[PDB]
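The structure appears below as structure tokens.
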Amino acid sequence: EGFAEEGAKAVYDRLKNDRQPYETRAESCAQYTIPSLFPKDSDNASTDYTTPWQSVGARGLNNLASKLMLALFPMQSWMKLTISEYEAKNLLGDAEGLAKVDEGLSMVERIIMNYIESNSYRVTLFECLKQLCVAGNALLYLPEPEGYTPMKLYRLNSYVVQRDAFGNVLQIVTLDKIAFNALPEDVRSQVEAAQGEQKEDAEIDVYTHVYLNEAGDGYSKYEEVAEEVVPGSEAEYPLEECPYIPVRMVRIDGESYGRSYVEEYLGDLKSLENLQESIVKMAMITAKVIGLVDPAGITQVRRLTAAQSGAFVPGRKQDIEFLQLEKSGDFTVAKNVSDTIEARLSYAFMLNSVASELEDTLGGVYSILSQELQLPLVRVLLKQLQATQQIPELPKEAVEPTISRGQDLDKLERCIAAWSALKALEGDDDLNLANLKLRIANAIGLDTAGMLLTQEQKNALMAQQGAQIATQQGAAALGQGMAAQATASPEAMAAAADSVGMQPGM
Amino acid sequence: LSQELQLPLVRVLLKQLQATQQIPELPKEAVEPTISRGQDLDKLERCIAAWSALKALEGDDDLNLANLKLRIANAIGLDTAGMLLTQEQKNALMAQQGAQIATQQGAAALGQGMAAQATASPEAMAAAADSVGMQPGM
Amino acid sequence: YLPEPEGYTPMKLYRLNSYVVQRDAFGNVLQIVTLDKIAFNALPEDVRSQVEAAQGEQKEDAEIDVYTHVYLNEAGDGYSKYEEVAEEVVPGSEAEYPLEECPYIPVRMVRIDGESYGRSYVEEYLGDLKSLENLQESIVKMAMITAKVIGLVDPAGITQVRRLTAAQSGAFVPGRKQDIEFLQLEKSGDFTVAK
């Protein structure tokens, strides 16, 4: 237990120091965009989050999280299952053998989507994305499938991770605070024999420590409650499929954590906050009404306040003056710079002022997240569903690209239109139509495996068509033949009615 | 970047996938240009449209349509290898088309012939019902 | 660098301050060296034992520098690759690659002959970025000056500002408008020129 000699709690306390710069930077980012997202670990229920003086941070952060969610996890099939084409062709035969396999792979994808949707993963995905944008570090843990099981998201100030300078993960420790009654019975008794008698709703710190095991590649997981491991939680996970996946956006090499997206534009938010602050303060000065009456004048204001709706009272207009705020020229200067900072911050998020300029910028934001978040989540789910017999046992040769189907539909539709154009050239004896169809498919990029009719398959279509013609023509000839025979001669008409059970004459 | 990045990445992948049997062993005569498919689709679609316009001239005995089709392909730039039907390949098309007509017309005559023979005469109707296991009269 | 295919294998990207390359004026690559810092436990056992017998006892999470050297071999065309950890080669990493197929491909944009490295695309426009940085900074600085509000009242006047601040939302107080003036930033003509 080289990574676990001291214990799960000791590692969490030691590594907490390295997490401090990221926590502090996350609180600053949240203070300007949305204060409620990242409280500073000292805020209890009796803390009010004052709205930032500018609304660009909140509007931009919500928009970016939604746009990322829509692109990363669209309505259907953001992943696919692909088998090695060269290997599959050798093991199988040809024609529909590959097509049949693709049904099995496609069926597995639909089960993955159903499992994700039925367990409300999209709720946790959207919460993770908001945390990633403002904090940039989030930990999501996928528990073993058992009925309705939604995965849990760990905020930055709930877990700790140590990474190498190479970039690989060495150990992960998370903190949970479960009440005494909510703990499992064996764990509940263990605490009773460690810290004496505990209250019914007493918070108990629970640590789980996932660390890179020695020698063979993998991960070792255990849980400790008071100071010692629970009677059993020891779990072995390989690198590819580990339930605890620490996701970070904007990753800098040599760092154990990622950097938030708002941090890049935090300074512009600070300047906008200050400029927007002074503008409103000027308006409240403007709100107050002060009447400056000249002491050297003759007008007595006691007559004005005591006057009725319309009245004639002694006085002069020049005596009464109203103090109004100057700096009209200053006001325009502040708005112009404030407008400029808002305009550039609007483009930084996915906010319109353009249509063909924000997707391309968006394309680079979630490129890291596909490998960091999408791919590990599918790998863990596939193993978990295989264990619980939710999906058939995969042959281990299937690879998972996260696409945001794909070109399969477009290539089929493109060659179909091209083939339809080649339909107008039929009846031509000079041109080799069959070769042109093969050339078109190669140009489009289809596999051309089984799309052509072999000689045996040509005969099968002829036999099926021939039986249809024989039945269609045979039924007509048989139908009218019996009716002609039945109605021929009145005697046979009586016999025909006798066969069906009727009596001649009514 | 096409020469600096795209080309070396493909070259390393081609060798690495052959070693792990991910792709069939290349004959070492294959060269890869990185295009940013290609003109092959455009040449085929353009050549088809020209032939479709030439299809309006079919039935003309003055003009050599077969020569013009070859000239059109040369102007577009296709390889013109295998697009023309050889005399042996023309025979296969007639043989396949002829077999369809024989089967299509044979099935109609056979189906109508069998039904007519079965339904002729009341006693042959009963014999036909006996063959399929049915009983005359309900 | 493209590693050998083994299941799911993603290629590694080396930043500029992680590797080093030597090229000739002809442009051909002579040698490439990469530096990696892997923790002691993450290293393979054969390498891990070698470090144990080289630098003594090592901490579990101690970063270990690993150098991979790819150089143009003598005589025949090719590249020779080996890895050394402390000061000597590992038990085995000797790999030979042809010129066309080498996993370590140093990609550069805007290449200048006689140089071992490329030049970035931003360098061609860094001067404009610096010039725009200074102008944009000063424009924001002026707005913050404008953000502050100061009331300049004439000491020779009769208006007492103690009455204005102590008044309510509506009030009649002695004073004159001419006494109270507000300092506002000038240079409206400058602001357009800088903008």
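Scheme for the structure tokens: letters A, B, ... for chains in order shown; per-chain residue numbers from 1; ligand numbers from 1 in order shown.
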
Requested in this report: Give as an NGL selection string every residue of chain A that touches chain B within 6 Å, counting only C-alpha atoms.
Outcome: :A and (430-432 or 443 or 466 or 469-470 or 473-474 or 477-478 or 481-482 or 499)

**Report entry** Residue neighbourhood residue 184 of chain C, 12 Å, only C-alpha atoms, exclusion window fewer than 5 positions, as an MDAnalysis selection string
**Finding:** (chainID A and resid 325:334) or (chainID C and resid 142:152)

**Report entry** Close residues, segment 167-178 of chain A itself excluded, 9 Å, only C-alpha atoms, min 5 positions apart in chain, as JSON, numbers by chain
**Finding:** {"A": [3, 8, 9, 11, 12, 154, 157, 158, 159, 160, 161, 162, 183, 201, 202, 203, 204, 205, 206, 207, 208, 209, 210, 211, 212, 213, 219, 244, 246, 253, 254, 255, 256], "C": [38, 39, 41, 42, 61]}

Requested in this report: Tell me the residues of chain A close to chain C, meaning within 7 Å using only C-alpha atoms, as a ChimeraX atom specification.
Outcome: /A:2-3,164-166,214-215,275,278,288-295,321,323,326-327,330,333-334,337

Report task. Return as a list in words the full set of residues in segment 80-193 of chain C whose backbone-based DSSP assignment is strand (DSSP E). Result ->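 Matching residues for strand (DSSP E) in segment 80-193 of chain C are residues 80, 81, 82, 83, 84, 95, 96, 97, 150, 151, 152, 153, 172, 173, 174, 180, 181, 182 and 183 of chain C.
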
**Report entry** Counting only C-alpha atoms, chain B residues within 8 Å of chain C, as a count of residues only
**Finding:** 11

Query raised in the report: Skipping near chain neighbours, those fewer than 5 positions away, what residues fall within 12 Å of residue 59 of chain A using only C-alpha atoms, listed as a PyMOL selection string?
Result: chain A and resi 32-34+52+54+64-66+342+345-346+348-352

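From atom CA of residue 404 of chain A back to atom CA of residue 75 of chain A, the distance works out to 10.8 Å.
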
Query - Within 7 Å of residue 398 of chain A using only C-alpha atoms, minus same-chain residues under 5 positions, as JSON, numbers by chain - result: {"A": [81, 82, 83]}

Only N, CA and C atoms, please: the residues just picked out, written as a PDB file, in the first residue's frame.
ATOM      1  N   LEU A  81     -20.459   2.496 -32.019  1.00  0.00           N
ATOM      2  CA  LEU A  81     -19.618   1.325 -31.817  1.00  0.00           C
ATOM      3  C   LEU A  81     -19.145   0.840 -33.179  1.00  0.00           C
ATOM      4  N   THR A  82     -17.833   0.729 -33.345  1.00  0.00           N
ATOM      5  CA  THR A  82     -17.242   0.328 -34.613  1.00  0.00           C
ATOM      6  C   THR A  82     -16.338  -0.874 -34.406  1.00  0.00           C
ATOM      7  N   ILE A  83     -16.406  -1.810 -35.340  1.00  0.00           N
ATOM      8  CA  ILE A  83     -15.550  -2.988 -35.344  1.00  0.00           C
ATOM      9  C   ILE A  83     -14.507  -2.808 -36.436  1.00  0.00           C
TER      10      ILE A  83
END

Report task. Taking the chain letters and numbering used in this document, name the residues of segment 281-496 of chain A that DSSP puts in alpha helix (DSSP H), as a PyMOL selection string. Result -> chain A and resi 281-287+301-305+328-348+355-365+367-369+375-387+407-423+433-444+455-487+490-496

**Report entry** For residue 375 of chain A: contacts at 10 Å, only C-alpha atoms, fewer than 2 positions along chain excluded, given as a ChimeraX atom specification
**Finding:** /A:79,240,369-373,377-380,400-402

How would the residues just picked look written out with N, CA, C and O atoms as a short mmCIF file (atom, residue, chain, number, x, y, z; two decimals), in the first residue's frame?
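The result, stored in again-v1.cif:
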data_model
loop_
_atom_site.label_atom_id
_atom_site.label_comp_id
_atom_site.auth_asym_id
_atom_site.auth_seq_id
_atom_site.Cartn_x
_atom_site.Cartn_y
_atom_site.Cartn_z
N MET A 79 -22.39 8.83 -29.60
CA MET A 79 -21.33 7.84 -29.71
C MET A 79 -21.74 6.81 -30.74
O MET A 79 -22.89 6.75 -31.18
N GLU A 240 -8.56 1.72 -17.91
CA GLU A 240 -9.55 2.08 -18.91
C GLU A 240 -10.92 2.33 -18.29
O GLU A 240 -11.61 3.28 -18.67
N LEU A 369 -13.16 18.07 -23.96
CA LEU A 369 -14.16 17.40 -23.14
C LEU A 369 -14.62 16.08 -23.74
O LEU A 369 -15.09 15.21 -23.00
N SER A 370 -14.50 15.91 -25.05
CA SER A 370 -14.87 14.63 -25.67
C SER A 370 -13.98 13.51 -25.17
O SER A 370 -14.45 12.42 -24.82
N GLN A 371 -12.66 13.74 -25.14
CA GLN A 371 -11.74 12.75 -24.61
C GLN A 371 -11.75 12.73 -23.09
O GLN A 371 -11.62 11.66 -22.48
N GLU A 372 -11.89 13.89 -22.46
CA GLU A 372 -11.79 13.97 -21.00
C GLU A 372 -13.04 13.44 -20.31
O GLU A 372 -12.95 12.84 -19.24
N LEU A 373 -14.22 13.67 -20.89
CA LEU A 373 -15.47 13.32 -20.24
C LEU A 373 -16.28 12.28 -20.99
O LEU A 373 -16.70 11.28 -20.40
N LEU A 377 -16.66 7.98 -19.85
CA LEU A 377 -17.98 7.62 -19.34
C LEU A 377 -18.56 6.43 -20.09
O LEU A 377 -19.20 5.56 -19.49
N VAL A 378 -18.35 6.38 -21.41
CA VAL A 378 -18.87 5.26 -22.19
C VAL A 378 -18.11 3.98 -21.86
O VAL A 378 -18.71 2.90 -21.77
N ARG A 379 -16.79 4.08 -21.67
CA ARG A 379 -16.00 2.89 -21.37
C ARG A 379 -16.41 2.26 -20.05
O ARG A 379 -16.48 1.04 -19.93
N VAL A 380 -16.69 3.09 -19.03
CA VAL A 380 -17.12 2.56 -17.75
C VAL A 380 -18.51 1.95 -17.86
O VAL A 380 -18.79 0.90 -17.27
N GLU A 400 -14.73 2.77 -29.52
CA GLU A 400 -15.79 3.75 -29.31
C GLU A 400 -15.35 5.14 -29.76
O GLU A 400 -14.58 5.80 -29.04
N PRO A 401 -15.78 5.62 -30.92
CA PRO A 401 -15.59 7.04 -31.24
C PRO A 401 -16.79 7.88 -30.81
O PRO A 401 -17.94 7.52 -31.04
N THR A 402 -16.49 9.01 -30.18
CA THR A 402 -17.51 9.96 -29.74
C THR A 402 -17.63 11.04 -30.81
O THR A 402 -16.71 11.84 -31.00
#

Report task. Pick out the closest residue to residue 35 of chain B from this set: B:95, B:123, B:134, B:3. Count only C-alpha atoms. Result -> B:3

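Atom CA of residue 319 of chain A lies 5.5 Å from atom CA of residue 297 of chain A.
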
Query - Atomic distance atom CA of residue 112 of chain A - atom CA of residue 382 of chain A, expressed in Å with one decimal - result: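 So the two atoms, atom CA of residue 112 of chain A and atom CA of residue 382 of chain A, lie 7.8 Å apart.
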
Find the spatial neighbours of segment 83-87 of chain C, counting only C-alpha atoms, within a cut-off of 9 Å - ignore same-chain residues fewer than 5 positions away - and output them as a tab-separated table (two decimals) with C-alpha atoms, in the first residue's frame.
chain	number	residue	atom	x	y	z
C	47	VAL	CA	12.91	0.64	-14.92
C	50	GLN	CA	17.05	0.23	-12.10
C	51	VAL	CA	16.35	3.57	-10.41
C	54	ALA	CA	21.00	3.90	-9.18
C	55	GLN	CA	19.65	6.69	-6.93
C	64	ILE	CA	11.87	10.69	-12.38
C	65	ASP	CA	13.34	12.27	-15.50
C	66	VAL	CA	13.32	9.97	-18.54
C	67	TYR	CA	15.15	10.95	-21.72
C	68	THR	CA	14.41	9.36	-25.10
C	69	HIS	CA	17.05	10.03	-27.75
C	70	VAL	CA	16.29	9.55	-31.45
C	92	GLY	CA	16.13	-2.47	-23.49
C	93	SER	CA	14.64	0.27	-25.64
C	94	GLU	CA	16.82	0.14	-28.77
